[PDB]
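What follows is a single structure, written as structure tokens, with notes after it.
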Amino acid sequence: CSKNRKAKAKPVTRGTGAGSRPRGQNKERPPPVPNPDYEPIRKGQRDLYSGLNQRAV
Numbered sequence: 003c004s005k006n007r008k009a010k011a012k013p014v015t016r017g018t019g020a021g022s023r024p025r026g027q028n029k030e031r032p033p034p035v036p037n038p039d040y041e042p043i044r045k046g047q048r049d050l051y052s053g054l055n056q057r058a059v
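Numbered according to the numbering used here, the sequence shown spans residues 3 to 59.
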């Protein structure tokens with residue numbers, strides 16, 4: 003649903019904000035869907051707790 007690459011929204015460590023939105027994949031033509039997207043395990047997901055410090059929350 004973005005850059006027709008592979009979801010591109012699982013990498014938590016990438017702080018995938020998307021404030022202005024991805025706005026891409028505007029060439030839709032090849033129905034086939036990438037297979038490399040079968041591995042959404044790519045996500046450290048560990049800085050979400052450290053970055054939550056919010057300093058003396």
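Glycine included, each C-beta is placed from N, C-alpha and C at the ideal position.
(request) Please look up how many angstroms separate the CB atoms of residue 49 and residue 15, rounded, as I've assumed it's under 8 angstroms. (result) 5 angstroms
(message) Using 8 angstroms for Cβ pairs, my map puts residue 7 next to residue 33. What's the rounded Cβ distance?
(response) So it is not a contact: roughly 16 angstroms between Cβ atoms.
(message) With distance defined between alpha-carbon atoms, name the residue in 10, 4, 25 and 5 nearest to residue 44.
(response) 10
(request) Can you grab the Cα-Cα spacing for the pair residue 12 / residue 3, in whole Å? (result) 12 angstroms
(message) Considering Cα atoms alone, identify which of 5, 56, 17 and 46 is closest to residue 28.
(response) 5
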